[PDB]
Amino acid sequence: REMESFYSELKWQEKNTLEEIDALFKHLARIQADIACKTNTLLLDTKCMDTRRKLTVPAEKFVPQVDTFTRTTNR
Amino acid sequence: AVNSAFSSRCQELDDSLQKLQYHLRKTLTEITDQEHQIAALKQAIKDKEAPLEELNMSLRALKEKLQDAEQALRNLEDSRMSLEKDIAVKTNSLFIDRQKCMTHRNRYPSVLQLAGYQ
Amino acid sequence: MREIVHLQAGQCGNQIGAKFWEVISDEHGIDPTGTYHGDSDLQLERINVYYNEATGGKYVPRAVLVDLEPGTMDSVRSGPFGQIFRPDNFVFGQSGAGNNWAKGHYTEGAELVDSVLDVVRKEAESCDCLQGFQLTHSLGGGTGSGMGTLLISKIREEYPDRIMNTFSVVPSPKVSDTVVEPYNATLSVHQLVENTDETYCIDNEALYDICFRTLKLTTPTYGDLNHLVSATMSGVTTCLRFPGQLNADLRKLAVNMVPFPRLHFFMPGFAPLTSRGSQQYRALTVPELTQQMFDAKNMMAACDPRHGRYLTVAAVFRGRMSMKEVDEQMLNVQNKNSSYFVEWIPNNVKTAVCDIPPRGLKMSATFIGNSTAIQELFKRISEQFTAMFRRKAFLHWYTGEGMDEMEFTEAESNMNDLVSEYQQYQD
Amino acid sequence: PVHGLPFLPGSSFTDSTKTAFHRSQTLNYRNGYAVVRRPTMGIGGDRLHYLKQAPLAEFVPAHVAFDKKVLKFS
Amino acid sequence: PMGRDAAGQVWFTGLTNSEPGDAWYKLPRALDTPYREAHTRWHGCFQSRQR
Amino acid sequence: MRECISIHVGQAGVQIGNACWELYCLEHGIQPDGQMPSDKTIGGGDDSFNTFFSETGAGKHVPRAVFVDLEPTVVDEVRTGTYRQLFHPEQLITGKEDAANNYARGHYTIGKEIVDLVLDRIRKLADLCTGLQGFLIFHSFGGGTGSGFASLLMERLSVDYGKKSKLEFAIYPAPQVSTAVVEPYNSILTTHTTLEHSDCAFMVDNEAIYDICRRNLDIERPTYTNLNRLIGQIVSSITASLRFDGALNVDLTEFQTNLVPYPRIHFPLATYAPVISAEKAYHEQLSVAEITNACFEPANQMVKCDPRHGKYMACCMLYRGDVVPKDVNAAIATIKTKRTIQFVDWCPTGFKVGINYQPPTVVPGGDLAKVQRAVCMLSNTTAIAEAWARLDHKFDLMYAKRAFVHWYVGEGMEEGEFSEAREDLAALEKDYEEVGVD
Amino acid sequence: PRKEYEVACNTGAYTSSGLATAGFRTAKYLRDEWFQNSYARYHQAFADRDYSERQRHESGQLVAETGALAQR
Ligand SMILES: Nc1nc2c(ncn2[C@@H]2O[C@H](COP(=O)(O)OP(=O)(O)OP(=O)(O)O)[C@@H](O)[C@H]2O)c(=O)[nH]1
Ligand SMILES: Nc1nc2c(ncn2[C@@H]2O[C@H](COP(=O)(O)OP(=O)(O)OP(=O)(O)O)[C@@H](O)[C@H]2O)c(=O)[nH]1
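Residues numbered from 1 in each chain as written, not as in the entry; some residues may be left out. Chains lettered and ligands numbered in written order. Part of a larger assembly, values for the part shown. Heavy atoms only, no water.

- If you check the header, you'll see the entry was determined by cryo-EM and the resolution is listed as 4.5 Å.

Right under this line is the structure:
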């Protein structure tokens with residue numbers, strides 16, 4: 001909940017500044033970076049919340065289905 | 001002979017855990033250092049942005065380096081998570097054998113009473 | 001802990017300090033702004049040996065800089081590192097001097113010694129436990145001599161337990177432009193012999209000879225000269241701030257080094273100087289390191305130790321070495337000429353080894369020696385003095401200052417004592 | 001030029017195109033206090049870098065906790 | 001998966017995350033019961049014989 | 001029970017300790033963390049470690065030692081090494097200044113304000129100590145800072161404890177190698193101090209360590225690492241009797257009683273036979289006869305002296321590993337009827353034999369071989385007089401020219417103590433040649 | 001490749017680890033492959049760490065290069 005609320009208000013403020021358009025551009029920079037980090041946080045959080053069902057759901061049904069996007073490269 | 005073999009097994013497994021944590025510490029420190037330098041890299045690309053052709057080509061090369069550094073970081077944490085899971089398994093198994101077996105083995109009988117008060 | 005406060009005097013000192021501080025700075029790895037950069041840690045932990053901490057990870061010099069000529073200060077201020085200095089400390093004078101020795105020691109310093117003393121004593125209280133002071137100055141230069149003899153005379157009594165290292169520049173044996181430079185030399189040395197404890201004496205001609213023999217590089221800069229001497233300073237001060245055995249206190253060396261109170265002057269030496277192409281024509285091995293190390297041409301301070309004999313030597317080494325190669329090398333050379341030494345004492349070598357080298361080159365070394373070869377310089381100057389003082393020309397300026405010749409009389413026989421005593425022991 | 005190669009005492013850089021040679025004056029006297037400027041222009045002229053209470057209880061005493069409370073039954 | 005993807009996970013082998021018994025307060029039989037009839041009926045007959 | 005306490009002074013005494021514990025952890029198998037595994041030993045602190053460590057309720061073994069230096073560099077180094085948790089922080093006592101190799105400087109200028117702390121620490125260990133047989137002291141005759149502090153604190157602890165032995169293991173001056181010119185000064189000062197209060201002082205020299213290193217270990221670039229490794233193995237061998245069990249046992253009390261003949265002369269030598277390289281041991285054979293022959297080979301000793309020019313007083317030999325008294329006695333009889341070794345007409349026997357079953361162990365990544373039968377050799381000889389006979393005729397010269405004396409006189413001492421050390425040394429020699437004479 | 005070595009190792013009248021052709025293999029392991037698993041973990045860690053530190057080195061060199069180029 002609380003992360004989502006923070007994210008939404010951040011986007012609205014950024015948008016208003018956008019239609020308003022030096023320090024302004026600087027603040028655009030800070031807001032943009034903040035949005036990036038917030039997205040990373042929420043995605044990791046959903047990833048973690050996925051695996052909880054393993055302790056409760058009947059065995060045959062469990063399959064994660066969030067992020068089977070295998071990212072590791074070198075091998 | 002059973003006793004001796006069992007002891008040797010346990011000792012070897014303990015040594016394995018030793019090696020594992022020895023690795024983990026400096027692994028984490030390296031991770032932190034990589035993150036520091038990457039943050040410095042974002043700051044540096046903004047610094048390079050400041051004075052605004054050759055410049056353009058340089059900026060593109062720098063951003064490519066951003067990408068591969070981030071890739072290295074992610075591989076790092078994958079290795080890390082593997083290491084902790086295996087740590088957990090190994091420690092649990094060592095508890096298992098270092099508690100059940102020898103404690104029940106102390107109950108072993110004695111030669112004279114196997115001879116039946118001979 | 002153990003810490004040092006650096007003193008810079010005279011127009012030589014102006015650029016000397018610049019080169020020396022930038023060398024140590026980029027050694028420890030500090031940006032021109034002053035923010036730390038962590039790549040090696042031991043340097044960071046031991047930076048307190050010289051630097052004073054400033055908030056936000058900034059590291060100010062513990063330098064005190066003085067001259068009378070303001071343009072030198074302005075150039076240092078404008079240099080690519082001068083911003084690192086602190087405006088608090090630029091005590092200076094209100095005119096020129098004409099580098100007359102009597103003026104430089106008696107009239108002008110009267111109103112500035114107070115300020116310089118207060119600044120340095122504030123710094124001294126701030127720090128914890130001082131090994132001593134190092135001064136970068138000139139003995140042939142006028143205003144440096146005038147201020148420096150005053151300050152070194154002042155400080156000894158308050159701090160008579162402390163290592164008062166003096167590092168100077170000696171006039172050319174061939175041509176020096178400055179003409180009353182002799183008289184500067186005699187008056188400076190007269191105090192310095194009594195007052196100092198250790199003094200390094202180096203000359204420019206051999207630097208030029210080095211430029212021709214090994215640099216080969218046609219057109220140098222006096223900045224590059226200062227680099228070649230800042231290497232020696234970096235070396236001689238390496239050992240305090242770094243781990244790996246070598247008992248490194250300059251006093252730990254000095255007691256081992258000097259046999260008698262009137263023997264303070266020493267003759268430096270550097271390690272591998274590689275030519276344009278010999279970099280891959282040399283096998284960088286300890287034997288040839290020592291071979292070039294102790295040579296008649298690698299030496300660059302005053303004159304060949306050939307003319308006399310050695311009392312004592314001290315060699316510092318920096319790099320991943322072992323005992324053996326250096327120890328047996330010393331035995332080999334000891335056998336090679338067991339004659340030019342003094343049967344006075346055996347094993348007159350001091351060796352010191354530290355494991356973390358400078359950067360750019362893996363192995364490195366620095367030499368310092370006390371040998372019976374100062375008589376050349378001091379003879380030369382003594383006959384110059386007798387010849388000039390014969391009809392005492394140009395002494396009117398000193399008469400006007402209030403200088404009168406009895407001070408010349410008192411100094412000249414002190415140098416006579418120096419010459420006679422040096423020759424007396426070894427012969 | 002490796003832009004920061006090991007600055008050995010041996011070698012260093014060298015430049016030739018400079019013509020304008022003037023020294024900036026940042027030190028002067030001007031009054032009782034000697035005065036030192038922040039230097040801005042370098043050699044020749046060039047750019048440098050500068051509470052636990054109880055919200056619902058508050059411990060009301062029992063007397064008030066049960067004052068004037070009666071149950072009425074037929 | 002055997003290939004570029006792999007998850008080293010641990011699946012439950014269900015016997016204890018279960019309510020096997022029978023009674024009226026259990027007969028409503030909410031459809032979330034993992035009640036694969038094979039081993040249960042096999043039990044039924046097996047306890048019957050073991051008795 | 002059978003426990004002792006360790007002290008290190010001067011910066012020569014710190015690498016050697018560092019190595020001694022780098023080894024001593026292993027034979028009981030303690031990681032740099034400091035915890036025996038779940039194998040059932042933890043409790044109040046009773047098991048074979050007890051002689052070395054006091055592992056208390058937290059499960060952390062505790063070295064019974066003190067490392068005092070006068071310059072924070074190396075002490076902070078080791079405090080930043082792996083074993084900082086292993087050591088007790090203030091057991092690592094740091095000073096701030098150097099002795100300048102000036103013995104009197106280190107003995108009067110600064111010695112007055114750390115002895116309190118160090119002796120208080122000694123008391124707060126000796127309280128928990130039970131057997132308190134004695135102490136193992138590491139200093140250096142070429143003491144850069146060890147000399148004066150060692151003399152002063154040793155005198156204080158000698159007067160405070162008068163009921164136990166004291167062991168000193170000193171790196172003796174290199175006869176033709178010097179990194180110090182004040183070395184003869186502080187060396188003879190330390191000698192004429194210590195000879196009356198050291199109970200057993202053993203010498204070792206390092207040139208010969210190198211000589212062995214490139215004779216039989218086949219390595220041509222060794223260092224302190226290998227030097228101190230083998231030296232630590234030597235002290236491990238001499239403490240193995242306390243460490244493990246065996247057929248029969250020996251102790252430092254017997255070492256004193258039987259090794260040293262008389263009062264005063266207590267300057268013996270140590271020797272180790274099976275220092276052999278990996279390939280050299282691979283396809284060769286080792287046993288009692290040849291190891292004894294190689295040990296009494298004169299050049300394998302670690303002091304530049306000739307026993308053939310000397311005459312023998314005493315010998316204690318310790319065998320570690322698996323042996324049998326049959327071969328023991330047979331071989332020692334062979335040596336007894338050997339010909340070059342001139343035993344004095346005094347002693348008909350000279351051999352104190354000790355055995356222990358537990359073989360010596362390797363260090364990980366080291367240099368020595370995988371040995372099964374090791375042996376340590378301690379000996380009283382008359383051959384050592386040459387070292388002092390050499391030192392005296394250097395010191396007399398350099399003192400008749402009395403260079404460097406200004407340092408000492410200006411810091412407080414004077415020529416009288418030097419003059420007295422002269423005749424103390426003279427008495428030493430004078431006793432030695434006459435006891436050597438039949 | 002591995003095929004030849006597994007054939008060589010598992011052929012005799014002694015025991016047999018069912019290292020099949022393909023598909024899921026037997027859960028039980030043997031001492032040799034167990035030690036191998038450990039060594040594989042260790043070398044994987046070494047490779048990853050060294051790669052990262054290499055990257056940081058040339059990154060620092062590039063930063064210095066570009067900064068000085070711009071400062072010209
Ligand atoms: N800093 C610097 N010093 C130099 C240079 N070239 C020669 N020197 C020498 O450094 C000497 C010392 O200067 P100072 O210590 O400031 O002496 P001073 O009291 O000002 O007296 P004078 O040297 O007569 O001006 C000069 O006498 C020169 O001989 C150079 O390029 N830079
Ligand atoms: N065993 C051992 N010996 C060393 C070590 N380092 C040096 N030595 C030798 O032992 C002597 C060291 O004594 P000192 O140099 O006086 O050291 P210190 O008294 O602890 O204090 P310093 O004056 O600071 O050196 C030297 O002659 C060295 O050759 C070391 O780390 N371990």
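## Considering the sheet that holds strand β10 (residues 373-381) of chain F
Residue and element names in this part refer to chain F.
- In space, the 4 strands of this open sheet follow the order β7-β10-β8-β9, with mixed pairing throughout. One side of each edge strand has no neighbouring strand; the edge strands of this open sheet are β7 (269-272) and β9 (351-356). Neighbour-to-neighbour, the strand axes of the sheet open up by a mean angle of 15°, direction not taken into account.
- Relative to strand β8 (residues 312-321), helix α9 (residues 252-259) is tilted by about 155°, and along the sheet it contacts β8, β9 and β10.
- Docked against the sheet, helix α11 (residues 288-296) engages β7, β8 and β10, running at close to 140° with respect to β8. (Pairing = 2+ DSSP bridges. Helix = DSSP H or I, 4+ residues; strand = E, 2+ residues; numbered from the N terminus. Axes fitted to C-alpha atoms, helices over the stretch in contact; angles between N-to-C directions. Contact = heavy atoms within 4.5 Å.)

## A look at the packing of helix α1 (residues 2-49) of chain B against helix α2 (residues 31-71) of chain G
- Running from N to C, α1(B) and α2(G) cross one another at 20°; their axes reach a closest spacing of 10 Å. Classified by the angle their axes make, α1(B) and α2(G) are roughly parallel. Crossing of α1(B) against α2(G): the hand is left-handed.
- Taken together, the residues of the contact of α1(B) with α2(G) sort by class into 7 nonpolar, 8 polar and 10 charged. (Parallel < 35°, antiparallel > 145°, perpendicular 65-115°, else oblique. Left-handed = near helix turned anticlockwise from the far one by under 90°. Nonpolar A, V, L, I, M, F, W, Y, C, P; charged D, E, K, R; others polar.)

## Details of the site of ligand 2
- Surrounding ligand 2, one finds 19 residues, the nearest of these being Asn247(C), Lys252(C), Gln11(F), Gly144(F) and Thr145(F).
- More than a single chain frames ligand 2: its nearby residues are located in chains C and F.
- Within the backbone of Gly10(F), an N or O atom sits 3.4 Å from an oxygen atom of ligand 2.
- In this structure, an oxygen atom belonging to ligand 2 sits 3.5 Å away from a side-chain N or O atom of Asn101(F).
- Protein contacts shield 87% of the accessible area of ligand 2, which totals 650 Å² for the unbound molecule.
- When residues of the shell around ligand 2 are traced back to their parent elements, those giving at least two are α1 (13-24) and α8 (224-243) of chain F.
- Along the lines of polarity and charge, the residues of the shell around ligand 2 split into 3 nonpolar, 14 polar and 2 charged. (Near = heavy atom within 4 Å. Polar contact = N/O pair within 3.5 Å; in protein donor to acceptor, adjacent residues only side chain to side chain. Areas by Shrake-Rupley, 256 points an atom, 1.4 Å probe, with all protein chains shown as cover.)

## Notes on the interface of chain C and chain F
- At the interface, 32 residues of chain C touch 38 residues of chain F.
- Interface area for chain C against chain F, summed over the two sides, is near 3000 Å², with a carbon-plus-sulfur share of 56%.
- Here chain C is connected to chain F by 2 salt bridges.
- Of the charged contacts in the structure, one is a salt bridge between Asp98(F) and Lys252(C), with a shortest N-O distance of 3.9 Å.
- Of all the secondary-structure elements, those providing two or more residues to the side of chain C that touches chain F are α10 (250-257), α12 (323-336) and β10 (349-354) of chain C. (Buried area = accessible area lost by both parts, 1.4 Å probe. Salt bridge = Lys/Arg side-chain N within 4 Å of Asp/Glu carboxyl O.)

## As for the side chain of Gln11(F)
- Examined against the element boundaries, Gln11(F) turns out to sit in the loop between β1 (4-9) and α1.
- Among the residues examined, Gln11(F) registers a relative accessible area of 15% and is labelled buried.
- At 2.9 Å, the side chain of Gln11(F) and the side chain of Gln245(C) are in polar contact.
- In this structure the side chain of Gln11(F) is engaged in a polar contact, spanning 3.0 Å, whose partner is the side chain of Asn247(C).
- With residues near it in sequence (within four places) discarded, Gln11(F) still touches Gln245(C), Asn247(C), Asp69(F) and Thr145(F). (Buried < 20%, exposed > 50% of the residue type's maximum accessible area, 1.4 Å probe, protein only.)

## Re helix α6 (residues 183-194) of chain F
Residues and elements named next belong to chain F.
- If you check α6, its first and last C-alpha atoms are 16 Å apart, about what 12 residues at 1.5 Å a residue would give, namely 16 Å.
- In terms of burial, α6 is a largely internal element, 11 of the 12 residues being buried.
- Residues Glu183, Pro184, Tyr185, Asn186, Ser187, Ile188, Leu189, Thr190, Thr191, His192 and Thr194 constitute the buried set of α6.
- Against the buried residues of α6 lie α3 (103-109), α5 (146-160), α13 (385-400), α14 (405-411) and α15 (415-436). (Expected span 1.5 Å × (residues − 1).)

## Some details on a positive patch on the surface
Residue and element names in this part refer to chain C.
- On the surface, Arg213, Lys216, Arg276 and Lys297 cluster together to form a positively charged patch.
- Relative to the helices and strands, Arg276 resides in the loop between β8 (265-270) and α11 (286-293).
- Given a relative accessible area of 61%, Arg276 falls into the exposed group. (Patch = residues over 30% accessible without salt bridge, like charges linked within 9 Å, V, L, I, M, F, W, Y side chains within 5 Å. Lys, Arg positive; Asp, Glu negative; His and termini not counted. Charge placed at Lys NZ, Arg CZ, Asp CG, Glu CD.)

## Some points on the sheet that holds strand β6 (residues 200-204) of chain F
Residue and element names in this part refer to chain F.
- Strand order across the open sheet formed by 6 strands is β3-β2-β1-β4-β5-β6, with parallel pairing between neighbours. Across the chains shown, the open sheet's two edge strands, defined by having one partner strand only, are β3 (92-94) and β6. For this sheet, the mean inter-axis angle between neighbouring strands, taken without regard to orientation, is 15°.
- Across 4 bridges, the pairing between β1 and strand β2 (residues 65-69) is parallel. Of the residues in β2, the one forming a bridge with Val9 is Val68.
- Across the sheet, α1 is in contact with β1, β2 and β4 (134-138); its angle to β1 comes to roughly 145°.

## As for the site of ligand 1
Residue and element names in this part refer to chain C.
- Around ligand 1, the surrounding shell consists of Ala9, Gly10, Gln11, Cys12, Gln15, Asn99, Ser138, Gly141, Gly142, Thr143, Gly144 and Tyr222.
- Contacts to ligand 1 include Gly142, whose backbone N or O atom sits 2.4 Å from an oxygen atom.
- Here a nitrogen atom of ligand 1 and a side-chain polar atom of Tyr222 are 3.3 Å apart.
- Expressed as a share of its isolated accessible area of 630 Å², the protein-covered part of ligand 1 is 76%.
- In terms of residue count, the dominant contributor to the shell around ligand 1 is helix α1 (residues 10-28) (4 residues).
- Of the residues in the shell around ligand 1, the class split is 3 nonpolar, 9 polar and no charged.

## Here's the deal with the environment of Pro28(E)
All names here are of chain E.
- Relative to the helices and strands, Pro28 resides in the segment before α1 (37-50).
- For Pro28, a relative accessible area of 64% translates into the label exposed.
- Between the C-alpha atoms of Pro28 and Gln9, which are 19 residues apart in sequence, the distance is 34 Å.

## Quick look at a negative patch on the surface
All names here are of chain F.
- A cluster of acidic residues, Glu414, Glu415, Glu417, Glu420 and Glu423, forms a negative patch on the protein surface.
- Within the secondary structure, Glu417 is located in helix α15.
- Classification of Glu417 as partly exposed rests on a relative accessible area of 31%.

## Looking at the interface of chain B and chain G
- Taken together, the contact pairs 23 residues of chain B with 19 residues of chain G.
- Carbon and sulfur atoms make up 62% of the surface buried where chain B meets chain G, a total of about 2000 Å² over both sides.
- Remark: the boundary between chain B and chain G carries 0 salt bridges.
- Run the count over chain B and chain G and you get 5 residue pairs in polar contact.
- Only α1 and α2 (54-105) of chain B provide two or more residues apiece to the side of chain B that touches chain G.

## Examining the pattern of salt bridges
- Here the structure, examined in full by the defined rule, presents 26 salt bridges over all chains.
- Among the ionic pairs, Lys69(D) bridges to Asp67(D), the shortest N-O distance being 3.6 Å.
- On the basis of relative accessible area, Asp67(D) is assigned to the partly exposed category, the value being 30%.
- Here the salt bridges do not stand alone but share partners, grouping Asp249(C), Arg251(C), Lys252(C) and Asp98(F) into one network.

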